[PDB]
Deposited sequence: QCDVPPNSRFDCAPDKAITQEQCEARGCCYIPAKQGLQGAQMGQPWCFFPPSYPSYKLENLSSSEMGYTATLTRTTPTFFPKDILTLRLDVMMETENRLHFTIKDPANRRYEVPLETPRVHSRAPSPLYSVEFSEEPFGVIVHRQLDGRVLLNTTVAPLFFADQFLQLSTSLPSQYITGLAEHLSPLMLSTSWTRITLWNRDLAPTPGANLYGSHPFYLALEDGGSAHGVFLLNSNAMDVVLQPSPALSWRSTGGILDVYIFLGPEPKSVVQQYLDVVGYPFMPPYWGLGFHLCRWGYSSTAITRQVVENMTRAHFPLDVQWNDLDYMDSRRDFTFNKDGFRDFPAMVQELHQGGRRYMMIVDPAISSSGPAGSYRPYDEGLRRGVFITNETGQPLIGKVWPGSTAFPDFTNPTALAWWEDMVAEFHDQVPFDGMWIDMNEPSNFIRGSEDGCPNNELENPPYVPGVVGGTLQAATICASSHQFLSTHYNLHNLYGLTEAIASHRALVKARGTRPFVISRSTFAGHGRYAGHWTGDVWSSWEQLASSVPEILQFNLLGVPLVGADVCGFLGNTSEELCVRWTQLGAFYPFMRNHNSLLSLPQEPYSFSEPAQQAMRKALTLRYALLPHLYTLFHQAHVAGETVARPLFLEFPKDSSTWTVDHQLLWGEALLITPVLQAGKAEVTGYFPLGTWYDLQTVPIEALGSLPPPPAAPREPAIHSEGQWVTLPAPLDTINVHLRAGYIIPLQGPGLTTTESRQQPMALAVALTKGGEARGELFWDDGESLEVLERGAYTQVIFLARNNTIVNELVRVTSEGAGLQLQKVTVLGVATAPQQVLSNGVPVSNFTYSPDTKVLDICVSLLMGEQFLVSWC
């Protein structure tokens, strides 16, 4: 009866240390491990729920679940309702609820399915098979179902040892199944392994032998532990709500991601300028110093689209104010930035100063009047500590607070026309535990199961769990705080400006990408953290938050010149690129380094800017099709199992492989190359030539001034001329990099719109062009042409993989004025005068 293999034992004492006698009293098995793995575990016969009265409807299945014997947790809900909805051929959805009481739910908006579902009667379980190969994807029969008021546990076998997701944590892309506990409870803590961080995404993608995959999303916003076992298997442990589970069938990993984003929302489309270089630090104390940054960057030929300010601008570190010493002419500074073709961003915190005299600080006075703040047991606002001192916290689930936030934003924008919002401390972060007045002693503050959060209490670094919000207690809504503020800030920026919003958030939840982007927080200026940013940037793209990046050159401590060169090189490939720096630290602006470092840094930014039309096109695909912008090799080559554990290289879209140096003092790097031809992007003119891979590791030369970037054969990349801003670069002539397959084939595309407007796709206010190389010709296909795509000038076409030197080169039937061929690199470089919107034909022989 207790003969269960070590790796398949499920913890029967997740709540406390237990003795043999007690464990056996719980009706469990006690077998110490030989060397983590639970000593107290469930026998196959342990009491669970029983499936009764299973019935079928047009929507799917319905049943009753009954538990006869109570568990060791208080408040078992002995009678449950099961609902299974077969929503599409790719998406299966099931819920387990208490049919007698509404419980907290998260607010969110051959012809056969790829899955099949079956049920185990006793103990109850849900089994999900991939139809095509009969593989078992989900099997909840492996462990008992727990459904207590403050404890939900649902377990499943996993199809392999390869699983990714469950943000936000500092870890390899592929998670460890060796008795790993992964805690989701938003928390202000500098990124360090094994710790719950700023965001929580209860979703995972599981790979299957052969390259197929599936995803599971548990729509639950409560504090939770996700436990992984080497069998392999997984256990969801939540402290509240209900079980609301979606299964996505793929079969391709990209389709799994797309299918999940169908439920939580496709990434919002950023403004083009948002994809340029952002520069910030805590410590730009005055508008004179802030203007110097732009001056010094500009002087040194370093592009910069957006200048930022941290707390410096505010009056005594309060939102929606600016001080009259260093920032007396803040409005004029921001107006000047605009005149020059640049944008402006600044930090906003959620917490509002509550200690000023009545009537002296409108945001608080108005907020108090309209009841926008989270309240305590006695109904008064909860007061904690953040930068300005005593603070009240807005409740972004309260419609009136949404309206107040819109007003405060609009009013401040009337004074200083900022172009977006950097929203920080929105876990929400608290400098003291719970509140100035502590927290009461109840079941929400002291629950029967506390997940493995840093600090051992839900109140740590945040507000009281039993505090009141409009939709529910903070206990249920905490993981949504950041998200709700992001939603509120999204709408606020739309009303204030009338163009696409640009919101960068620290705290996030699943579905965050529909409204905002993210940066990874207070990472150290270390090689370790530079390396760790690659898996985390990829993780967030898999979770539908493509607009993500880490502070370039690091936030904490002092960076080194070498590290900042390497970080800027890799950083230029973060979909969101910002260099940010702490108050105490040494300057790390591109212009504050030696000339060789500056050159290396200038080259990185130049290449990013040249690549912007492609990057933007990738974001379009993310916005319209649930694609990822930055992706791991396995998403693109799932059937090559050697890619599965690669997370220190990244792809932009399908065709651009970036292989960064991530360690000090290296002049080479070893990267995995999937089967195919990979052309070195350094052969393309910007204002070994080819790696032929069977699917193998390749050692590449990579001196300090170099980052390896390769372009996949069979792909065409749109590029554009240089500029210190996107306002400037968007007016330049464009180019194509054409990477030919051995058979002389290639495909690519360009999306172009005004770059700022709302409802572009809905109104059809965009131009979409496809490029095709075939049989020594290059043509375009006009999928859509509008006024926005007008005047787009194509002046250069670079063809890679041209074996023999051509005797003639024609553009629309006429020999081109001049071209060059290099027999050493196989590169054909052609000068033309064409329009992306006009049908053209270029040929050679």
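The deposited sequence has C-alpha coordinates everywhere except the stretches 36-42, 117-123, 702-714.
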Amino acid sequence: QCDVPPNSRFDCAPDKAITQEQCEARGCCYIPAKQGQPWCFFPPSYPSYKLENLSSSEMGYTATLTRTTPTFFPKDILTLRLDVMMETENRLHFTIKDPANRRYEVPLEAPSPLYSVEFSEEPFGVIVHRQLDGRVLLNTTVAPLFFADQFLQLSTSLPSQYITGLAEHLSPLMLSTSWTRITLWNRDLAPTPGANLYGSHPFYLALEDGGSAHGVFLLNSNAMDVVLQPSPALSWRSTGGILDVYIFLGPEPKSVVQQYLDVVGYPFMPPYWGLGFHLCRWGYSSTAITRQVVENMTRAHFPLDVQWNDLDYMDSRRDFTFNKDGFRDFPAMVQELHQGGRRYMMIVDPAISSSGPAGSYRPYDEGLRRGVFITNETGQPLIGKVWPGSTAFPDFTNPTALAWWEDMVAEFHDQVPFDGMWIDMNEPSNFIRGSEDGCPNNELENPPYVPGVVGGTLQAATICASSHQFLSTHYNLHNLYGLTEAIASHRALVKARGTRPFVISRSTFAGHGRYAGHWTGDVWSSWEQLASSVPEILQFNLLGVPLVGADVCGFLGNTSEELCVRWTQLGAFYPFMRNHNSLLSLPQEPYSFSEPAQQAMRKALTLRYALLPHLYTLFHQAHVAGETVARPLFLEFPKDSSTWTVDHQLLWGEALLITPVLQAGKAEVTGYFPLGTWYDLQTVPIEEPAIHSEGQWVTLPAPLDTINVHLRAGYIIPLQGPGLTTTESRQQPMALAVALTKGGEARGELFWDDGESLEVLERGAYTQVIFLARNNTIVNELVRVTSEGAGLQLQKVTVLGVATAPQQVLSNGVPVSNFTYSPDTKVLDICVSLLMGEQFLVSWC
From here on, numbers count along this sequence of modelled residues.
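Compared with other PDB entries of the same protein, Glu109 is missing from at least a third of those that resolve the residues around it. For the pair 261-269 and 69-77, the record assigns the higher mean C-alpha temperature factor to 69-77. Looking at 557-565 and 606-614 together, the entry lists the larger mean B-factor for 557-565, computed on C-alpha atoms. Highest C-alpha temperature factor among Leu152, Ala461, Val216, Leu108 per the entry: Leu108. Residue set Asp244, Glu406, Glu688, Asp551: peak C-alpha B-factor at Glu688 (per PDB entry). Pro733 sits in the middle third of its chain by CA B factor, as recorded in the PDB entry. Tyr679: CA B factor lies in the highest third for its chain, per the PDB record. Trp697 sits in the highest third of its chain by CA B factor, as recorded in the PDB entry.
The deposited CA B-factor of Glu528 belongs to the highest third of values across its chain. The deposited CA B-factor of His580 belongs to the lowest third of values across its chain.
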